[PDB]
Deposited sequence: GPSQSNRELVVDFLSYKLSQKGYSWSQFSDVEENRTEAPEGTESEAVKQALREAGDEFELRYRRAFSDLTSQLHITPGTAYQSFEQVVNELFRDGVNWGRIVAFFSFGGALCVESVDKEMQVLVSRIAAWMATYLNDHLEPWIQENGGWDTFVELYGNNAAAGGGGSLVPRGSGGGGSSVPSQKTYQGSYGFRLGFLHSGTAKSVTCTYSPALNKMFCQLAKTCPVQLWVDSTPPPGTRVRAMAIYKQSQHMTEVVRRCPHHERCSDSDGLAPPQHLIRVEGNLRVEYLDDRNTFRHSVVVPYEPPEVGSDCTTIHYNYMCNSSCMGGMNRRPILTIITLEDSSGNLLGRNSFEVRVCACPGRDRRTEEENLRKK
């Protein structure tokens, strides 16, 4: 229980390589941890679903060898960095605690027996040089609310075709010509290759604003400069608007998104969970920053969020 020095130092080292401070046989793990990274690749994380993502990934890697321990320590390193990227700093100390309770029960008893000292759009969060973060109104879960967001799940519940305000926060103002793109993908791995689109009923219902194509799940409300993309090679849908600096006195910019199809719609999402990816891009289309959040479109956003959070 004092291998804590290994976890508390190895993770703080991977935070050093990215610019974060924590706030013998130590060298040995960093070289392997590093040497494993340049030769590798390397699953969503929320403050509530945090221990779940640790039970799953660590149990899924089937005889413990000297190679998986690096792969496990290195796994906890990316987790703490991505947790801070997602503006979820709280999980860093929690991850070290879980990294201290798995090796103590499952992984070490193998080491004392040895004792030797020698197609799919990515969803990784990047805040980028402009400090790009997402903000949400804290609207509670009373039965009458159009849209609500759950921080414990980083999940937004909204009613169909209702204003979903999403805030863009930046440390510095991106140059003119900057654009903001929204895109939905399926959350589960088995469906991530499938394009999220509207179901036949809502696709052919008289709801068009005259700007969005009838097959697009996500629309932007109140913006004549809105642009809709059906990708030439991935066939994925996205919607982009020009970024505007915050209003007079404000310090965030608010896009009004609409979700035009319900989560349980047969022929569409068919009760499958989706994520919405917001990217900041310049005029030439280079990526400046990316954040994502799960979305569910339902009839009563209030009751569904409270029902989900009461499970935590």
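Against the full deposited sequence, the model leaves out several stretches, namely 1-3, 27-45, 65-72, 92-93, 151-178, 373-375.
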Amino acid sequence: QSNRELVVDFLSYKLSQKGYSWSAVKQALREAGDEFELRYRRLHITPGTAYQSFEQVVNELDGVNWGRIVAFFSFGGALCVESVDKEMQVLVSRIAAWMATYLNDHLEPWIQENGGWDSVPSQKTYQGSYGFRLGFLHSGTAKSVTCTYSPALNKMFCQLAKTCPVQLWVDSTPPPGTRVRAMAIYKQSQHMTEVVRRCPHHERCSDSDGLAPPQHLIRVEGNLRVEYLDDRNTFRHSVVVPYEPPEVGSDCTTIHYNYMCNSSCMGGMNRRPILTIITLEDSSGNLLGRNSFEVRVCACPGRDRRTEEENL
From here on, numbers count along this sequence of modelled residues.
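Between 187-195 and 72-80, it is 72-80 that carries the larger average Cα temperature factor according to the deposited entry.
Comparing 292-300 with 14-22, the stretch with the higher mean C-alpha B-factor in the PDB entry is 14-22. In this structure the maximum Cα B-factor among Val58, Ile274, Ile277, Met260 is found at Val58. Highest C-alpha temperature factor among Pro109, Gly135, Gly128, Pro174, as the PDB entry reports it: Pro109.
Residue-level temperature factors show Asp62 in the highest third of its chain, judged at the C-alpha atom. When the modelled residues of the chain are ordered by their C-alpha B factor, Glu281 lands in the lowest third.
In this PDB entry, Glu227 carries a Cα temperature factor that places it within the lowest third of its chain's modelled residues.
The entry lists a Cα temperature factor for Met266 that places it in the middle third of the chain's modelled residues. Among the modelled residues of the chain, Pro151 sits in the lowest third by CA temperature factor in this PDB entry.
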